[PDB]
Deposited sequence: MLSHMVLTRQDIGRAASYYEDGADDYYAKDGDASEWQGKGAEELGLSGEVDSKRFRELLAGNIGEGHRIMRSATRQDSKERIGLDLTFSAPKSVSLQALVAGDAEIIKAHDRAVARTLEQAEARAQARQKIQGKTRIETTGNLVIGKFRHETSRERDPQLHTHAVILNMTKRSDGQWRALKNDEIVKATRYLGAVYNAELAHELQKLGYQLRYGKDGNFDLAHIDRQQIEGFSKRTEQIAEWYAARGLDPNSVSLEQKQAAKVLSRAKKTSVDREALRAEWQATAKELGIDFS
């Protein structure tokens, strides 16, 4: 699954806390990606300090803060979060059964997808009143891999935070024209899927493909999957309480179901959580081969 969220000033708090579900993780969880990142000397582990600066449009070398041209009647844009989420059975196999190669499978599929997102990076340039749209082919991306859902289910996902910055052909840094990435969300989600399937196939898993063109590991069925999808069950209950058909809900109804069905939830011992997953998978009769 691939979703996007345009990030603004009010989101700067959560964007920078994409470190938080990661210290207890149990697996290089932060990583820079992008030609733009390379250009800026950014490599490997994401530095929290510099991420904040970049979020704030401070390239900090010699140059001025980006995005002054942002109107005051409108929201400043700090980046673009592309959140890649594995199918449940995949998280299960990676995080309960403990298969590290699946983590790498996931990471590669994200990295490869992001490169295709990067080919789509654009900026504007106005010359003498004439505006041109330029493909810059470069993004600055801080990637934050996470392992758990808001209900503490195994949930392998990565937040690819695209900074609102790109380097034009004339060497000038500009806000990203995000159109081609945003409107390509579904196309990018299918690239993540294809690359992930391919990776899992090389590890020797068999894939069962579904209705939607999504897939799960062949040996883990739907009931097993649902026993580890608590948020899905809470959303389903929201709908049913309101007597809504999931097939035709409006955006407002969908967003309400997702946001308002959430419980207020603590942190927890991760050694203890893992053991709980494993006991839970036994209860559900899961054979991880």
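Residues of the deposited sequence that lack C-alpha coordinates fall in a single stretch, 28-31.
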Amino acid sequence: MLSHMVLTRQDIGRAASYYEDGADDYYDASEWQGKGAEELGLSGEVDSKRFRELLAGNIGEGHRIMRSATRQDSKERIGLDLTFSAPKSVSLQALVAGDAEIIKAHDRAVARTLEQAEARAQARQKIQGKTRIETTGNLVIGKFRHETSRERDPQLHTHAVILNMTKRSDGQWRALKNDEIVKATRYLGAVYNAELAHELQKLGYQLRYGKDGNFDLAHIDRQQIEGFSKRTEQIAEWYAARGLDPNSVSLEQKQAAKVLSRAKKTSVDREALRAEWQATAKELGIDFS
From here on, numbers count along this sequence of modelled residues.
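Only the largest set of C-alpha atoms that superpose within 1.5 Å between the two forms is called the rigid core.
Annotation: of the segments 208-216 and 148-156, 208-216 departs further from this form in 5 other deposited structures of this protein (C-alpha atoms, root mean square over structures and residues, core superposition). Superposing on the core and measuring CA offsets in 5 other deposited structures of this protein, the stretch of 247-255 and 62-70 with the greater mean deviation is 247-255. Checked against the other entries of this protein, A16 counts as resolved in every one of those spanning it, not missing from a third of them. Among other compared entries that model residues flanking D269, every one gives it coordinates, keeping it clear of the one-third cutoff.
Higher mean CA temperature factor, per the PDB entry, when comparing 220-228 with 49-57: 49-57.
Annotation for 231-239 versus 64-72: the higher mean temperature factor (C-alpha) is found in 64-72. Remark: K167 belongs to the middle third of its chain, ranked by C-alpha B-factor as recorded. Ranked within its chain, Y209 lands in the highest third, by CA B factor from the PDB record. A279: CA B factor lies in the lowest third for its chain, per the PDB record. The PDB entry assigns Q122 a C-alpha temperature factor belonging to the middle third of its chain's modelled residues. Sort the chain's modelled residues by C-alpha temperature factor and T136 lands in the middle third, per the entry.
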